[PDB]
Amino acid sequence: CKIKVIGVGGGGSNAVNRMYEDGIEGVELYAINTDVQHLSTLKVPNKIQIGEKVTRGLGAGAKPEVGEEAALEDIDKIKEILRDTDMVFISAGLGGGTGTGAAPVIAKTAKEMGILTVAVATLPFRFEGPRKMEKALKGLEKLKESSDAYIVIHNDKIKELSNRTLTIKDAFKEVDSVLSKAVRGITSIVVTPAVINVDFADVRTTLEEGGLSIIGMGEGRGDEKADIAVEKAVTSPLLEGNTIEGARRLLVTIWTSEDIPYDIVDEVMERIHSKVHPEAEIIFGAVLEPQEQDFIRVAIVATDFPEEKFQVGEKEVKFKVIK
């Protein structure tokens, strides 16, 4: 199965860099940016500029329209990277110019090529201010038109669920860690020899035209680990306003330490089926978590919601038209 992960803009690129550092295997990684200095700092193996003419290699100045133009100008570069691909993850931090503006053009180009197109988009922290969030939400409306599924993660939910950080740098490292777990949990059950592999065909049937997608993760240790992990995952969505229990399709990854036998999945999946929608179609895989002991992590990607709505702080977000 040919899977690619494409980071778009600075934040998106940083998440893909973390995936590389975390040892993602069996996938080809790319970083796309209009800011050439930032590209030069990355360890991601494939580094691609867009927008030389409109930005001169100096970034998009927080203007999504310039990110969009950069992608359109260089749509040939994008098509070349997307050749011979089954699935692509498009990782973007929404709220700047390049991720916000270019991600929809890359997504549309992939989807028109028949590639299973999964956006992995963050919404900004509250400390980034109100204008970055407005721009993020406007861009998300274009990204959704262009994607099979769009996983939306609100950085404030990561902060709520994580240790206090003392630098903005460290706040973003926690975001990158979560995004990396989220993506590696899907890829590793398809393209690496796993505890329980899933067929790519099943990942496609789960995510194709799924639309808004929400993730929740939970860890469990010791004797009650299945119940603890499942309860935490289902009650810890990384986007508010649409409970994981209403989704009609779900993709579940069970990470297991080496000492936990595979049949832990029997109990996990019974508990998940009891908690979520009775008619949900759920596909699941299992993969090893190195360096852990007496441990599982349950990660749930929930999609195919009845309504493509969510909440950010005190704002209920709906889009104009759902295709």
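Position 1 is the first residue in the sequence shown; the rest follow in order.
Participant: Per the PDB record, is the mean Cα temperature factor higher over 279 to 287 or over 265 to 273?
Facilitator: According to the PDB entry, the answer is 265 to 273.
Participant: Higher average CA B factor in the deposited record is what I'm after, so tell me if that's 217 to 225 or 151 to 159.
Facilitator: Higher of the two, by average CA B-factor, is 217 to 225.
Participant: In this PDB entry, which of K181, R204, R83, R249 has the top CA B-factor?
Facilitator: Answer for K181, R204, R83, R249: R83, with the highest C-alpha B-factor.
Participant: From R56, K63, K47, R297, can you pick the one with the highest C-alpha B factor in the entry?
Facilitator: Answer, based on the entry's C-alpha B-factors: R56.
Participant: Split into thirds by Cα B-factor across the chain's modelled residues, where does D304 land: lowest, middle or highest?
Facilitator: Lowest third of the chain for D304's C-alpha B-factor.
Participant: Lowest, middle or highest third: where is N197 by Cα B-factor in its chain?
Facilitator: CA B-factor rank for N197: middle third.
Participant: Could you look up the Cα B-factor of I6 in the entry and say which third of the chain it sits in: lowest, middle or highest?
Facilitator: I6: CA B-factor falls in the lowest third of its chain.
Participant: Divide the modelled residues of the chain into thirds by Cα B-factor and specify which third, lowest, middle or highest, holds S146.
Facilitator: For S146, whose C-alpha B-factor we compare with every modelled residue in the chain, the answer is the highest third.
Participant: Using only modelled residues of the chain, where does the Cα B factor of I78 rank: lowest third, middle third or highest third?
Facilitator: It falls in the middle third of the chain.
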